[PDB]
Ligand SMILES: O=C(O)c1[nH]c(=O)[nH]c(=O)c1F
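So this first bit is one chain, no partners, the form deposited without this ligand, shown in structure tokens.
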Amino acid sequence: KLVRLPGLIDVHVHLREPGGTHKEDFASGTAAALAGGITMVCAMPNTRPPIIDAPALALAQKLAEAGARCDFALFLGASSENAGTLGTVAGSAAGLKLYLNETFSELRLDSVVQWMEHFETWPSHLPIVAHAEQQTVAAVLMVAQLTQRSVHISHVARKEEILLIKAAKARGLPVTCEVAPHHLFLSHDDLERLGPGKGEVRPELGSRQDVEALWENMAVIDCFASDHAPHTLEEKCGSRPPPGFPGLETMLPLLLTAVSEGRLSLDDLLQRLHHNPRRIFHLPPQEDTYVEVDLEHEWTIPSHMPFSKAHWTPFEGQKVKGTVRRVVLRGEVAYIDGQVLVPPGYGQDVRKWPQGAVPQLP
């Protein structure tokens, strides 16, 4: 007996196109999404070139429309040069992303004053997301208060961070956050097995106490999102390992295992992979769209999942219970038992749908 879920949404994926297509592209990344029960993704802007102006966004939109197999929205990225310049294209994007810790030259912000300028200039009704670790979470929360608006904090990984967000919410501040599966299901205890190269991710893997704190504070977590950050094994095992893990194909199976063990409910899961992503990012419903999962099937995560070009996974060897059996996207069968059945280009930009525009005052 299969369980029918709505079409799940991952608001944080790196699909590497343009410019890193050996790591992943729209076609491979969205195949990975569908196999993981995800029917809509929001793609991050740290591509090459990065999506930091209108021409780069226009290119990315066409690459996505031609390559995506599931539906999508594309983030714009904040730079040291583009505050006050994105107003005409802002509404066509998923939102604006600020990289406040380690980043590529083009997305580096060298001053909190630049963060303020973005919060002041980006349209007030549109989403802003920050990669912010440790005290940077407190800092960007301050900037959000000074500019009187909301902020979404990406991949919370530490007890310190989730307790700070909890305290902010207790004071009624408009902050939401997400947590990635590797910060719920891996810790320092796994670095031995992974090694210093594969184990490289940002935010870094937490202690057992960090992991326990995130579970204890599940009520504070608004969304789950993969931070799918594909890099090849050659890159991860090399001399200058880039941070990041692939995660689209493993996220839902890991979380379904946790549901089966009673660590959270099916509803808790659907709030965090469907309802809260919709409401925070103003993402539209998808008609005739659903995912069928088998909660009984026990399997072991292999050395690589079938679709991501990353061709490795940090969850290798973990036992899971829960499998995606079928995905239907807008009335077409998109995935069955290991086979993707919609072509590159089937996916659409949800921000171009009438129901996908963010409502605003005239």
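Numbering starts at 1 and follows the sequence shown.
There is also a form deposited with this ligand bound; it is not shown, and the following applies to it.
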- Identify which of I153, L273, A157, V201 has a heavy atom within 4.5 Å of this ligand in the deposited bound form; exactly one of them does. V201
- this ligand: the contacting residue among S28, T313, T323, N46 in the deposited bound form [heavy atom, 4.5 Å]: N46
- For the chain shown here without its partner, which stretch in 250 to 258, 67 to 75, 85 to 93, 228 to 236 has non-hydrogen atoms within 4.5 angstroms of this ligand in the deposited bound form? 228 to 236
- Message: I'd like to check something about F281: if you look in the deposited bound form, is any of its heavy atoms closer than or equal to 4.5 Å to a heavy atom of this ligand?
- Response: no
- Query: Does any heavy atom of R351 come within 4.5 Å of a heavy atom of this ligand in the deposited bound form?
  - Reply: no
- Task: Give a yes/no on whether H118 approaches this ligand to within 4.5 Å in the deposited bound form, heavy atoms considered.
- Result: no
- Task: Determine whether any heavy atom of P241 comes within 4.5 Å of a heavy atom of this ligand in the deposited bound form, and answer yes or no.
- Result: no
- Those residues of 128 to 142 which, in the deposited bound form, come within 4.5 Å of this ligand by heavy atom: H131
